[PDB]
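Before any comments, here is the structure.
Read-outs: derived from the displayed coordinates by stated rules, not from any lab. Ideal geometry is used to build each Cβ from the backbone, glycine not excepted, and the neighbour counts take in all protein chains shown.
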Amino acid sequence: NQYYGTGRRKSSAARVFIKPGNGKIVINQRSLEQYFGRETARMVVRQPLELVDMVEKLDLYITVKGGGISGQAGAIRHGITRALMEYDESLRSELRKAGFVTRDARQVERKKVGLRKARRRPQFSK
Amino acid sequence: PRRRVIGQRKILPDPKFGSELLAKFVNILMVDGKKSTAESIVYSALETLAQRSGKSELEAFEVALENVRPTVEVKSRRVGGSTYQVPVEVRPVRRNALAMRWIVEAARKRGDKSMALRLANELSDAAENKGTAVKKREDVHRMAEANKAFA
Amino acid sequence: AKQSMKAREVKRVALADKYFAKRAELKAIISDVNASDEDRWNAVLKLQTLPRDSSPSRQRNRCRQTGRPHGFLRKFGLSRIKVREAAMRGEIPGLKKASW
Amino acid sequence: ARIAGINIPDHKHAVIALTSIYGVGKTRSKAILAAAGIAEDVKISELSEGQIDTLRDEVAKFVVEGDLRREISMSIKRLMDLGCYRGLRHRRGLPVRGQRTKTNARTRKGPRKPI
Amino acid sequence: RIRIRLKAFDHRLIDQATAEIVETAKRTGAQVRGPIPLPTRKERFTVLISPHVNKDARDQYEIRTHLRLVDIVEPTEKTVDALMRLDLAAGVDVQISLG
Amino acid sequence: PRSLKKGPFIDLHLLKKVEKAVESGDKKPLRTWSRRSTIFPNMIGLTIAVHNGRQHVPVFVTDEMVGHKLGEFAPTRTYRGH
RNA sequence: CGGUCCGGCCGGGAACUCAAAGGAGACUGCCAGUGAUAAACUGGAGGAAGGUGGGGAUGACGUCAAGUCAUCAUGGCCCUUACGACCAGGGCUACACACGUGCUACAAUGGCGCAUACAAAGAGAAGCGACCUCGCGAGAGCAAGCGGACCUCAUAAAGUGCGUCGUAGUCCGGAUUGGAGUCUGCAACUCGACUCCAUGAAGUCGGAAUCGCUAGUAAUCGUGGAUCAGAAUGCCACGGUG
Ligand SMILES: [Mg+2]
Ligand SMILES: [Mg+2]
Ligand SMILES: [Mg+2]
Ligand SMILES: [Mg+2]
Ligand SMILES: [Mg+2]
Ligand SMILES: [Mg+2]
Ligand SMILES: [Mg+2]
Ligand SMILES: [Mg+2]
Ligand SMILES: [Mg+2]
Ligand SMILES: [Mg+2]
Ligand SMILES: [Mg+2]
Ligand SMILES: [Mg+2]
Ligand SMILES: [Mg+2]
Ligand SMILES: [Mg+2]
Ligand SMILES: [Mg+2]
Ligand SMILES: [Mg+2]
Ligand SMILES: [Mg+2]
Ligand SMILES: [Mg+2]
Ligand SMILES: [Mg+2]
Ligand SMILES: [Mg+2]
Ligand SMILES: [Mg+2]
Ligand SMILES: [Mg+2]
Ligand SMILES: [Mg+2]
Ligand SMILES: [Mg+2]
């Protein structure tokens with residue numbers, strides 16, 4: 001018996017599995033410190049496990065593919081905040097109050113014609 | 001903007017400590033989006049300062065920013081046929097936004113060998129009321145009393 | 001373009017595709033490794049006597065309708081303007097105006 | 001310190017220090033210190049003396065300060081004194097390798113120079 | 001097994017052309033493996049419009065080659081024959097492939 | 001430079017002409033409209049005349065020139081100075 | 001689940017990411033308040049998305065006799081041993097100077113050397129050309145694989161860790177010049193890109209005046225494509241940090 005999530009940040013797709021346990025964190029068969037560089041990424045990957053009091057009770061299996069180093073952090077954040085709504089469901093009001101259920105609908109914005117970047121003009125003379 | 005009165009946006013907290021004050025300060029140290037080296041330089045200098053002052057690591061910062069928050073400053077009007085400066089008071093947010101910007105504008109003008117040292121010096125000096133930060137503060141804070149006849 | 005240029009192209013392509021047997025049996029002897037170093041000097045003097053236009057480098061893709069040399073596209077076969085005038089009428093299949 | 005014609009500074013490392021000669025960069029500067037059995041983060045100071053006694057043997061099998069400058073300023077004068085196109089671009093003082101000179105020939109033409 | 005590609009430009013004309021193959025295999029026998037939606041190459045093109053001098057005015061067109069693929073597991077004689085009986089409307093390409 | 005393993009370039013109409021003109025000796029200046037040939041060592045001591053864009057320019061070829069191609073003694077566009 | 005060379009590889013499985021067809025979804029629809037009882041607007045509840053959710057596509061009547069007769073078609077006019085047509089070699093690339101647009105820097109938030117992770121969107125038969133060997137390196141040698149979610153191009157770089165460096169025209173910066181080479185190509189002299197060995201200029205943040213940007217935005221980082229036998233620091237695309 002285990003519960004499941006799925007989250008999408010910028011260009012990533014996390015995939016999270018929750019079991020009751022002691023606190024193990026495995027990502028692509030790596031321990032949590034072996035994958036991520038910065039302590040803010042280790043913060044944001046953990047954040048909703050700290051928010052509710054469920055660090056100790058549960059272990060989790062995580063697979064993530066494609067994206068950047070923030071994409072595969074916000075993706076797992078959205079993944080766990082989905083996957084804990086299939087655990088007790090009265091976590092939902094406080095996760096929503098905390099602002100973790102909303103999937104960020106931001107994405108890279110394309111380059112148009114005659115614009116040297118997405119909105120940067122070229123220069124100007126008279 | 002002309003019409004839409006708009007909101008000051010949210011921010012992540014700091015990685016290490018837990019204060020949303022430092023979230024602007026790690027951002028103002030930055031060039032070209034690399035927030036990691038900005039997160040590293042600041043958490044080195046906020047240990048070197050925390051050793052040199054003998055205070056706690058979070059508490060060596062606010063009581064050196066206190067000496068560089070202003071209280072009033074000028075803007076410009078020209079209502080009639082004459083430019084006036086005007087001493088207006090400053091808002092509680094732009095207070096800190098000016099404070100954390102003067103320090104970093106100063107700390108890229110020293111002669112040391114590293115950014116950590118250039119910011120630890122610049123915080124110890126503005127913790128002892130000397131330096132290119134509080135001298136700029138004296139200039140801004142004196143252009144109110146040189147213009148209090150305008151209001 | 002002018003009415004002579006397209007005649008020059010349909011005179012060039014015939015030679016360049018007719019002599020295609022000899023200019024893959026001179027470059028073989030030239031750019032080989034173990035061949036004769038005194039036949040590699042006659043197979044380089046034949047290559048300047050096969051006629052100059054017979055060469056698949058010496059021809060720009062003219063348009064299939066007008067004759068405009070610049071602004072080609074290889075896939076359609078028509079120029080920069082005569083792809084617009086067909087694709088905004090309907091003669092090229094699947095060619096809807098893109099946005100995304 | 002005095003190695004192969006002119007002196008070499010001592011405070012710099014061996015690899016960065018040997019480039020002070022005219023005619024060694026960071027390829028021959030590792031060729032010498034790997035064909036003479038020396039490390040690469042010891043200085044000219046705190047070496048020994050026989051190490052210099054064999055380093056001076058290793059360096060002078062190339063062409064160095066005298067020979068390089070005489071050969072280069074031999075070949076330049078030879079290219080001048082025929083009528084070669086590199087010769088005319090030498091003896092006019094204009095770029096030689098086919099640069100655009102409607103603007104921006106400044107490294108050959110010296111300074112910016114009004115009429 | 002016997003696999004067939006379907007390429008087209010229009011997904012109201014690829015779907016009838018593949019339902020008239022699944023309802024040929026499932027009328028001469030059985031064991032078709034459905035249509036499987038492969039990737040869709042979008043060959044973009046970007047041209048100018050103005051005949052002389054306007055580098056900041058462009059039209060952008062695309063071509064979206066729709067793929068499909070259909071497998072056939074256990075073929076009889078009439079199962080392979082009633083497929084090569086079948087032609088399809090123009091716009092759709094096929095390429096039969098045993099294995 | 002060329003690839004070496006193709007050997008040097010020379011036209012046939014100048015190679016056969018120069019092997020005839022050595023073995024007939026005359027220093028009547030040999031003219032050519034082929035300014036792309038690598039000058040060969042048995043062309044040492046000849047008066048040829050390469051095209052430049054307008055007319056031939058005469059070139060008396062010595063030992064020193066034999067690496068180069070025949071263009072580099074015909075400067076192409078005239079220049080005097082502003 | 002079971003074997004497992006600890007490589008979803010191999011029996012298997014249809015769950016899941018994902019690939020695509022058809023649908024559900026957002027309407028100021030809902031609770032409150034200001035309103036001229038209406039039009040609306042301000043907050044907040046539910047929701048993944050709040051008021052046009054974020055971008056694109058679409059440019060009214062018309063204007064400056066705007067821009068090209070040199071894409072093509074054209075009304076009149078001018079030429080017809082020439083203003084037509086074939087060929088070799090030159091020319092658009094010259095340079096005393098001025099202006100406009102971009103790239104690389106002037107360095108410690110950074111040079112160099114070693115190890116180490118995470119992308120997206122494209123392209124390919126006269127084509128993309130992995131493996132293996134020779135070469136210090138561009139690349140030649142041999143010959144599988146692929147009309148491609150199969151095979152290639154293809155390694156992402158910024159980053160993270162450990163060193164070295166110590167404010168110098170510098171191990172900063174790569175301009176310019178010499179010697180030796182590789183490839184496509186009938187042919188790189190005027191004129192090709194690229195790699196190695198040398199050379200190491202000008203420049204320490206830039207005058208008056210001016211330019212772009214309101215959130216995945218500006219700022220930096222790499223990759224692909226079109227045109228193309230070879231040849232863009234521009235053009236058009238997509239993502240990474242933010
Ligand atoms: Mg101007
Ligand atoms: Mg302009
Ligand atoms: Mg605005
Ligand atoms: Mg061409
Ligand atoms: Mg040197
Ligand atoms: Mg070098
Ligand atoms: Mg432009
Ligand atoms: Mg609310
Ligand atoms: Mg709301
Ligand atoms: Mg006009
Ligand atoms: Mg005209
Ligand atoms: Mg016509
Ligand atoms: Mg011609
Ligand atoms: Mg031009
Ligand atoms: Mg200027
Ligand atoms: Mg370094
Ligand atoms: Mg290609
Ligand atoms: Mg090898
Ligand atoms: Mg350097
Ligand atoms: Mg070199
Ligand atoms: Mg200087
Ligand atoms: Mg300095
Ligand atoms: Mg190309
Ligand atoms: Mg971007």
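Quick one: in the range F:52-64, of everything that is out of contact with any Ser or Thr (no Cβ under 7 Å at 6 or more places or on another chain) and more than 9 Å from chain D (Cβ to nearest Cβ), which residue is nearest to D:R78 (Cα to Cα)?
Restricting attention to the range F:52-64, the residues satisfying the condition of being out of contact with any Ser or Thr (no Cβ under 7 Å at 6 or more places or on another chain) are F:54-57, F:59, F:61-64.
Checking the rest, the ones that are also more than 9 Å from chain D (Cβ to nearest Cβ) come to F:54-57, F:61, F:63.
On the way: F:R54: 28, F:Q55: 27, F:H56: 25, F:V57: 22, F:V61: 15, F:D63: 12 Å.
Within the range F:52-64, the match that is nearest to D:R78 (Cα to Cα) is F:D63.
I'd like the full set of residues that are touching a helix residue (DSSP H, G or I) at 6+ places or on another chain (Cβ under 7 Å) and within 10 Å of chain A (Cβ to nearest Cβ), limited to the range E:41-60. Break it down into steps so the answer makes sense when it comes.
Kept after step one, since they are touching a helix residue (DSSP H, G or I) at 6+ places or on another chain (Cβ under 7 Å), are these residues of the range E:41-60: E:47, E:49, E:59.
Once the filter is applied, which keeps residues that are touching a helix residue (DSSP H, G or I) at 6+ places or on another chain (Cβ under 7 Å) and within 10 Å of chain A (Cβ to nearest Cβ), the range E:41-60 yields only E:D59.
Out of F:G67, F:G45, I need the residue that is without any contact (Cβ under 8 Å) to a residue 60 or more places away in the chain and either within 14 Å of chain D (Cβ to nearest Cβ) or touching an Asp or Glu at 6+ places or on another chain (Cβ under 6 Å) (or both). Which one?
F:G67
Checking the structure you have, find out if any residue of the range A:20-38 is surrounded by 12 or more Cβ atoms within 10 Å (Cβ to Cβ), closer than 26 Å to B:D14 by Cβ and under 11 Å from the mean Cα position of the chain (by Cα).
no
Just to be sure I understand, how many residues within the range A:39-69 are β-branched (V, I, T), over 24 Å from A:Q2 (Cβ atoms) and crowded, with 16+ Cβ neighbours inside 10 Å?
1
For A:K111, state whether it is farther than 25 Å from B:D14 by Cα, more than 14 Å from every other protein chain (Cβ to nearest Cβ) and more than 16 Å from ligand 4 (Cβ to nearest atom).
Here the answer is no, as A:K111 does not meet what is asked.
What's the number of the condition A:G74 fails, among (1) of a type in the set (G, A, S); (2) away from chain B (no Cβ under 14 Å); (3) in contact (Cβ under 8 Å) with a residue 40 or more places away in the chain?
Result: A:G74 fails condition (2) only.
Residue by residue through the range F:5-28, note down the ones that are assigned to a helix (DSSP H, G or I) and either of a type outside the set (A, V, I, L, M) or facing chain C (nearest Cβ under 8 Å) (or both).
F:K5, F:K6, F:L12, F:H13, F:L15, F:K16, F:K17, F:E19, F:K20, listed by residue number.
Out of curiosity, is C:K97 surrounded by 14 or more Cβ atoms within 10 Å (Cβ to Cβ), more than 16 Å from ligand 7 (Cβ to nearest atom) and over 30 Å from F:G7 (Cβ atoms)?
Spelling it out, it is not the case that C:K97 is surrounded by 14 or more Cβ atoms within 10 Å (Cβ to Cβ), more than 16 Å from ligand 7 (Cβ to nearest atom) and over 30 Å from F:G7 (Cβ atoms).
F:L70 is checked against (1) surrounded by fewer than 18 Cβ atoms within 10 Å (Cβ to Cβ); (2) within 22 Å of D:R92 (Cβ to Cβ); (3) of a type outside the set (D, E, K, R) and fails just one. What number does that condition carry?
With respect to (1) surrounded by fewer than 18 Cβ atoms within 10 Å (Cβ to Cβ); (2) within 22 Å of D:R92 (Cβ to Cβ); (3) of a type outside the set (D, E, K, R), F:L70 is out only on (1).
The rows are residues; the columns are (1) outside any loop (DSSP other than H, G, I, E, B); (2) more than 14 Å from ligand 5 (Cβ to nearest atom); (3) within 14 Å of chain B (Cβ to nearest Cβ).
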{"site": "D:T19", "(1), (2), (3)": "yes, no, no"}
{"site": "D:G25", "(1), (2), (3)": "no, no, no"}
{"site": "D:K30", "(1), (2), (3)": "yes, no, no"}
{"site": "D:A34", "(1), (2), (3)": "yes, yes, no"}
{"site": "D:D41", "(1), (2), (3)": "no, yes, no"}
{"site": "D:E46", "(1), (2), (3)": "no, yes, no"}
{"site": "D:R56", "(1), (2), (3)": "yes, yes, no"}
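Filter the range D:45-98 for residues that are of a type in the set (K, R) and either without any contact (Cβ under 8 Å) to a residue 40 or more places away in the chain or surrounded by fewer than 12 Cβ atoms within 10 Å (Cβ to Cβ) (or both) and give the result.
The answer is D:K61, D:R70, D:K77, D:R78, D:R86, D:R89, D:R91, D:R92, D:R97.
Any residue that is surrounded by 14 or more Cβ atoms within 10 Å (Cβ to Cβ) and within 16 Å of ligand 24 (Cβ to nearest atom) - is there at least one of those in the range A:71-91?
yes
If you take the residues of the range A:78-97 that are out of contact with any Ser or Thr (no Cβ under 9 Å at 6 or more places or on another chain) and either in a helix (DSSP H, G or I) or within 14 Å of another protein chain (Cβ to nearest Cβ) (or both), which of them is farthest from ligand 5 (Cβ to nearest atom)?
Of everything passing the filter in the range A:78-97, A:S93 is farthest from ligand 5 (Cβ to nearest atom).
Restricting attention to the range C:13-51, which residues are closer than 26 Å to F:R2 by Cβ and among the basic types (K, R)?
Within the range C:13-51, C:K22, C:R23, C:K27, C:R40, C:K46 qualify.
Could you grab me the full set of residues in the range E:12-40 that are free of Cβ contacts under 8 Å to residues at least 12 places away in the same chain and within 14 Å of another protein chain (Cβ to nearest Cβ)?
Within the range E:12-40, just E:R12 meets the criteria.
For the range C:45-65, name all the residues that are within 16 Å of ligand 4 (Cβ to nearest atom), surrounded by 14 or more Cβ atoms within 10 Å (Cβ to Cβ) and charged (D, E, K, R).
Matches in the range C:45-65: C:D53, C:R62.
Being near RNA strand G (Cβ under 7 Å from one of its atoms) and outside any loop (DSSP other than H, G, I, E, B) narrows it down to one residue among E:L38, E:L67; which is it?
Within the list E:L38, E:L67, the selection yields E:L67.
Tally up the residues in the range F:35-61 that are β-branched (V, I, T) and more than 22 Å from F:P8 (Cβ to Cβ), please.
1
Which residues, taken from the range D:2-27, are away from ligand 6 (no atom under 15 Å from the Cβ) and touching a residue at least 40 places away in the same chain (Cβ under 8 Å)?
Of everything in the range D:2-27, those that are away from ligand 6 (no atom under 15 Å from the Cβ) and touching a residue at least 40 places away in the same chain (Cβ under 8 Å) turn out to be D:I3, D:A4, D:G5, D:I6.
Given (1) within 20 Å of the chain's Cα centre (by Cα); (2) surrounded by 10 or more Cβ atoms within 10 Å (Cβ to Cβ); (3) within 24 Å of B:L117 (Cα to Cα), where does B:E89 come up short, assuming only one miss?
With (1) within 20 Å of the chain's Cα centre (by Cα); (2) surrounded by 10 or more Cβ atoms within 10 Å (Cβ to Cβ); (3) within 24 Å of B:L117 (Cα to Cα) applied to B:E89, the lone miss is (3).
Out of curiosity, is B:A127 in a loop (DSSP other than H, G, I, E, B), of a type in the set (G, A, S) and surrounded by 12 or more Cβ atoms within 10 Å (Cβ to Cβ)?
yes
Among (1) closer than 24 Å to B:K136 by Cα; (2) surrounded by 10 or more Cβ atoms within 10 Å (Cβ to Cβ), which single condition is B:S44 missing?
Exception for B:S44: condition (1).
Does the range A:105-117 include one or more residues that are farther than 30 Å from E:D59 by Cβ, assigned to a loop (DSSP other than H, G, I, E, B) and more than 16 Å from ligand 5 (Cβ to nearest atom)?
Restricting attention to the range A:105-117, the residues satisfying the condition of being farther than 30 Å from E:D59 by Cβ are none.
Checked the range A:105-117: no residue is farther than 30 Å from E:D59 by Cβ, assigned to a loop (DSSP other than H, G, I, E, B) and more than 16 Å from ligand 5 (Cβ to nearest atom).
Table: residues versus (1) touching a strand residue (DSSP E or B) at 6+ places or on another chain (Cβ under 7 Å); (2) among the aromatic types (F, W, Y); (3) within 16 Å of ligand 5 (Cβ to nearest atom); (4) in a loop (DSSP other than H, G, I, E, B).
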{"position": "E:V53", "(1), (2), (3), (4)": "no, no, no, yes"}
{"position": "E:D56", "(1), (2), (3), (4)": "no, no, no, yes"}
{"position": "E:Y61", "(1), (2), (3), (4)": "yes, yes, no, no"}
{"position": "E:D71", "(1), (2), (3), (4)": "yes, no, no, no"}
{"position": "E:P75", "(1), (2), (3), (4)": "yes, no, no, yes"}
{"position": "E:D81", "(1), (2), (3), (4)": "no, no, no, no"}
{"position": "E:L86", "(1), (2), (3), (4)": "no, no, no, yes"}
{"position": "E:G91", "(1), (2), (3), (4)": "yes, no, no, yes"}
{"position": "E:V94", "(1), (2), (3), (4)": "yes, no, no, no"}
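Taking the condition of being part of a helix (DSSP H, G or I), more than 7 Å from every other protein chain (Cβ to nearest Cβ) and not small (G, A, S), how many residues in the range C:60-100 meet it?
1
To keep it simple, each residue is scored yes or no on (1) exposed (fewer than 15 other Cβ atoms within 10 Å of the Cβ); (2) on the phi < 0 side of the Ramachandran plot; (3) among the acidic types (D, E).
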site	(1), (2), (3)
F:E19	yes, yes, yes
F:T32	no, yes, no
F:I39	no, yes, no
F:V50	no, yes, no
F:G53	yes, no, no
F:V59	no, yes, no
F:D63	yes, yes, yes
